[PDB]
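Order as written gives the chain letters A, B, C, D, E, F, G, H, I, J, K, L and M; numbering starts at 1 within each chain.
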Amino acid sequence: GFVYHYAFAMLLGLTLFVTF
Amino acid sequence: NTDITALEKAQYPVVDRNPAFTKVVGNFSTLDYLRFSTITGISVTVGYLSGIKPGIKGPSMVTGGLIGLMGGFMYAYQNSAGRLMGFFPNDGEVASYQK
Amino acid sequence: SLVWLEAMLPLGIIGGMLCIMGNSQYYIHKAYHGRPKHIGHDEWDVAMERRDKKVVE
Amino acid sequence: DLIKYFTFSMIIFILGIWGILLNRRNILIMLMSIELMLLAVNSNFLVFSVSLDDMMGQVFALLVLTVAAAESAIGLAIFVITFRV
Amino acid sequence: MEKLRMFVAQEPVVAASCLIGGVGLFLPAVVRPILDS
Amino acid sequence: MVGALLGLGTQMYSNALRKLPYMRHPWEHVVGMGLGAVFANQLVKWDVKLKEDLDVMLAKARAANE
Amino acid sequence: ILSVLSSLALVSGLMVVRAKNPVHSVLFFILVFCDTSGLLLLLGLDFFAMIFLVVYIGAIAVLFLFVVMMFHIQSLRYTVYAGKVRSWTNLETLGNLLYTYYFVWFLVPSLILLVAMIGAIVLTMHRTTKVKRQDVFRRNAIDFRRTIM
Amino acid sequence: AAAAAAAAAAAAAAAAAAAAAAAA
Amino acid sequence: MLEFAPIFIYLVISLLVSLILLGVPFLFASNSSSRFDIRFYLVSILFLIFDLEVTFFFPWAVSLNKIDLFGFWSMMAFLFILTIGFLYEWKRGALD
Amino acid sequence: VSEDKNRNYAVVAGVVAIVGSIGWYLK
Amino acid sequence: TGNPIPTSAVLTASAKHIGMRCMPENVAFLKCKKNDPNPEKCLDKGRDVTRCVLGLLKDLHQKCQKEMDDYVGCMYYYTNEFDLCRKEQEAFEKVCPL
Amino acid sequence: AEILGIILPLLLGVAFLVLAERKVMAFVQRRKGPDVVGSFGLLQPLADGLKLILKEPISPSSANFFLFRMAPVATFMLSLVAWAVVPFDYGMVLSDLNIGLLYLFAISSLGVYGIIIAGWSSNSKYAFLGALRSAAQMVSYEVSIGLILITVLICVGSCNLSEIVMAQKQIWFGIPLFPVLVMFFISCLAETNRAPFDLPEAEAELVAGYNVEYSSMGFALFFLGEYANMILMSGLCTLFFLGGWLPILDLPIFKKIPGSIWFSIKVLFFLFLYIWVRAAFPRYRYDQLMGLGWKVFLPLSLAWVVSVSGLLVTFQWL
Amino acid sequence: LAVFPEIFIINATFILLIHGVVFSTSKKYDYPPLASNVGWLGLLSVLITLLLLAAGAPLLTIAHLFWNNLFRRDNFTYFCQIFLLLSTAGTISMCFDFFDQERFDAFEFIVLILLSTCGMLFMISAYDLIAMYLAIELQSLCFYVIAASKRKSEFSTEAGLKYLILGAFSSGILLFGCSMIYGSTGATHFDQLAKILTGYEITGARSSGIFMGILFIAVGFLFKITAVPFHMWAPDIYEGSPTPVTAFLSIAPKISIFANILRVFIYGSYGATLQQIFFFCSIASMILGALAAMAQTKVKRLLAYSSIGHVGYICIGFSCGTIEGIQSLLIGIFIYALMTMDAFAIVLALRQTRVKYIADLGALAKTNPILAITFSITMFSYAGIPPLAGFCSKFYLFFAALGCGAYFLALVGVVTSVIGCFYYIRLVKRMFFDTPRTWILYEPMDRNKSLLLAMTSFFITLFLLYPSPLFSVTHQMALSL
């Protein structure tokens, strides 16, 4: 479930990547 | 560019470095013509015996002979080349010392 | 006989449209830029255009 | 700027491997992510060939193109065979 | 050969492709080494 | 050499695995294995020669005591 | 501004791995390839942009669209004016290598395309030709004419 | 599909009338 | 690349043109007057392969004076392997 | 007192094999 | 065009003459650059090639200055593309410098 | 921008090509074509248009507006954007791409999408399988056009279309590679559908073979697309093989040699050839057609790449 | 020259492919099944190559044109390639029953094995990341195809599909490793990559690009050789696919990928920094092999996990970069390959069964007792029973691990090998001394399996009586690297 709970994880990861 | 310079080369006395085709094949010893002939036979036979079951004895024999020609000829070429070049026993230096 | 000219006329006014396709986008580009278009416009020419607009100050 | 064009490819590859891990159930998304990660390494080769100013990158990128394409061909053909009749 | 003519009649486009293509695999094979002069 | 005995076994062992009895002319083709054993021993000699050559090359390498 | 618009590819790649409707998955697949080709254009690799277009969104995602439609899932530069006198188009400077110097890595993808042909044939012939269209293979002398069932 | 394909080979064109050309 | 900007704007201006061609009929005219055909996967995979091999043809086509008679023969070996694949497909009967 | 083609060729090739190989292990 | 401003057109227009003349300066500059590509180490040879070539331009713009103006008009019109006007190229070369 | 100066005249070209086809293909059949509407039917295209525009829909169905109301837009935008790189005269290409030809190849590879999508959004099994068959045909005569372009590319230096038409100053590639022009034309006939090769375009199976929601705009846009794709694929048989904008070079006193007029004359010849060859030949049935793109125009195209590569490598003509 | 083993097996595959396709699609010959006729000529195109390859031993390095561009042959590549062709010879030989008895008219399975063998011949001699990847994917693509071959039984189709997914994803990881390494080094040739990666010391020197690259290459490889933390489908891959294709993609990719690892990881990058992942993989692979073998029933899946565990026992020879370690790894590949060809030859001898477990494997002590003797010999060999060859493999591997100071690696190896010895002794006892269990009867094996099983059974038992040739071969190969 945490592997599916990583939705916001990977999403906000991409966000904090595009911040730079 | 290209160059025939080899690793582990010239372990035996070279006769003609980088032999031209039509010479390295005109150097076939009666053993090479006997290697190119036994390979073509063992390839025609396995090409006929193989095809008796599906009824293709003739054409499977022909394709086994094609495989044998290609393979045994490239083997006779390997031998006569590693002989002309310094790679193999190369007792055919009399052909150079005489001609 | 010149009977085929009636059927040539639509091919003419479809040929008079490719002439316009070719010359419009030529004389429009010949207007925005004082010179015709350069076909073989490799990077040497963009570099020379840069240094050229930098030479005329 | 090379980092921008690489870490973006790196996280496209991470998306591919992520979809691989999650979608072990559905296979068409599996193949989607396979070609995704074979792009994120292909676009990676192209970016690293422009950066290093080296042509081996683009040669390898072209060969990966015409190898991942055959891989997708055989992949989808295997997938169509898997859904037998 | 009889079967060769039977093949260049029944299938003209794969027997005149292996001959409009021989002239391309044959010119650089022999005609180019001939052009040593 | 011992290759002759081994081949007759390989052929007989083969016959024992297909269920067939221990009989035929392939037991006379085990002489080919006798040729094979002689070649394998010949290749052992040639191989230890080449390995000694590579080993003296290594001894020359690895800082050569420095 | 089109430089940072690789975010489009980035989000469309997140779509394909987080989509249950396969049409959206293949659509954003095509989108990922279109934006990757846009990127490969911004880098000046023009040949690879068109090759991405062709052999991805004219062949491979065509395949994937088929698999969806049928079989639904449910300043300071110093430009050196040398080496610019003869600008080598990307195709020319891939061909100067791939076919003469690294040509075996080009004859091996030849074998990989040949294996792909053989594979698509042996897999998806689907018993529709000589693979099984040879015959039902029923012979008379080997039959007992059903007098004794 | 094993259906008989329409083989576009045949015998050459030879106009075949009936035997009543001259004298019935 | 510099010449890619005209087609970059071409895509958008042709989008506009087609949207106008779409909206023109919409405005006027008011109130009163087979399980599976796998051959489409074989044809598709085969086009994929042949367009890959055309992709390999393109650099060899544009750079053939550079690779004098060796690039040509390497491409002819690649093409003989293509031809062996194509003859295996012709004989097996995928072209139907 | 005859045979069929495509098999006498095979027997001649088998003879060529063993005669040829004899010459090989002989040299 | 105008004073001998070494624009793109006027340079690619006289490149034949910049080839016949000013070849020693060009080959010296190239020998330096192929020796070491640091810009400073032959700033002097750069001045030397630029000096003889600006001189060559001011020469070509004295005799046959109208001919050396129509040809650069070409080379600015068609961007340094030779074949597009061989007439101006000939008329300029024929009148004074061959 | 100046994209208007290449889309509007092309729209007029397609609208007048519907009339040019009806009229030429009628003259062939010993009958005057559209001849009452305009002075010589010259207004007949405007009449067809203004009729299709004023035809009330059969069902509004503006709900499904993102699926197949932009797919004809896509097909048409592709058929129109492949016109950028096509040069009408020296320095009249809108955007001289140094890889121009490969870009045309990619535009075709996207037209495949156009057809497949616009056929899948039509929820008609017969029409969808027809669109898939048409896409497989358009893409099977694309390997043959690919190899034909590899031939005309070997003859030329680069893919730059302005160079491919500049590489023919000595002789058009139609004269030495005439057998290739016949294969490019017979492929451009088959890549597009309008040809002896149009079983998916058999008069009835075409209309019921592209979409279910016509509304007229879809019918016109597909035909405007087919006729622009035709003007394009005839503007390629005249860049590559015929001299793109080159005269015969006799340099007449009567002829001041305009370039775009020569390109126009040649593309008119190939459009007239499209029409003539639609009139005089029966359809190929799509089962002999696909067996002509693989078994006939691929071997005869591969041979040509090896022939024009060989004969140009032996004698250093490259 | 220098490509005469490749030039031939590529021409021979074409001669066979055209010969097979023309006949199978022939009305005159009544559409015959060309399998076992393009075979036979297939496996001879192998032996003639193995004769073209073994003979020209000094000639393989005959040009420079290939050296700094494409691929570098040497004594290691030469000996390991004579082995791949020999192990491809066994694998085609054992299939001859699978072609006739099992209804396969698909000859191109043979020509695909031949193209895969050419891809592997180019893997062994691959000496550039690009060539390594291209040959890897050539062989992997032939194997995806011939593993998804059986279209009637859906069990082989989904197995081949997950094999394609696992292999394409492994190749994606390997290729991202190649990208990171190339992108961070600007050099793909192993001769060039070696000069850069001298004194790289990732754990001491900050180089994250090269580190992630070598890590992804190692992960892709450990996927291909189906090591423990990345096997992830390998049991189902070996079980679902047909038996001979399992015998192919289970022994030959191991040999080839392991030779490729010896190339990139002992010459392209040499450091104790990367072999840590292989040390962990060895530990967990021996663990998983032992335990899962203790757990499995299906003989195909039992051999799958046994092969995973033995691949583990291989990597302990790579877990230390000493010549003794590499030579132990090579000894381990030959004694794992010959033993696996034997086990798969046995599993192919029992065609009559469906997917059936060791219980149905029983009664072999009664029906065909010599085959049961051979099977016990092979399973003992895997276990490492002293008087056999697998013992020599595992023992020299453990001795190299001890001489390399990896005492804990030797410890986990010995405990796992003793667990395996117990399990296989118990299996042999259950098969011999009890458990009749339904007496399924078998059609006899053919001469081809018979000689391979017989010669290999002789090799396993009569190995310690003459280990000099193999030890000399592998030590020469290790020195050459």
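One rule holds in what follows: contacts are C-beta pairs under 8 Å (C-beta built on N, C-alpha and C of every residue); 3 or more make two chains touch, one makes a residue touch a chain.
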Winner on C-beta contact pairs when I-M is weighed against D-I: D-I
Chain ID, smallest distance between chain and overall C-alpha centroids: G
Mean-CA-position distance for subunit G and subunit D (Å): 10
Centre distance in Å when subunit G and subunit J are each reduced to the mean of their C-alpha atoms: 50
Cα-centroid distance, subunit J relative to subunit K, in whole angstrom: 80
Whole-Å gap between the CA centroids of subunit B and subunit K: 63
Multi-chain contact sites of subunit A, meaning residues that touch two or more partners: 10, 14
Multi-chain contact sites of subunit F, meaning residues that touch two or more partners: none
Per-residue multi-chain contacts in subunit B, two or more chains: 42, 49
Sites on subunit L touched by subunit I in the complex: 1, 3-4, 7, 11, 52-57, 62, 69, 72-73, 76-77, 80-81, 84-85, 94-98, 102-103, 105, 109, 125, 129, 132-133, 136, 139-140, 142-143, 146-147, 150, 153-154, 157-159, 215-217, 221, 224, 287, 290-291, 294-295, 298-299, 302, 305-306, 309-310, 312-313, 316, 318
Subunit M to subunit F touching residues, read off their complex: 75, 349, 368, 370-371, 374, 444-447, 449-451, 453-455, 457-458, 462, 468-469, 472-473, 475-476, 479-480
Of subunit D, residues touching subunit I in the complex: 62, 65-66, 69-70, 72-73, 76-77, 80, 85
Residues on subunit M engaged by subunit D in the complex (per definition of touch): 129-130, 133-134, 137, 141, 144-145, 148, 151, 154, 157-158, 160-161, 164-165, 168-169, 171-173, 175-176, 178-180, 182-183, 186-188
Of subunit I, residues touching subunit E in the complex: 69, 72-73, 76, 90
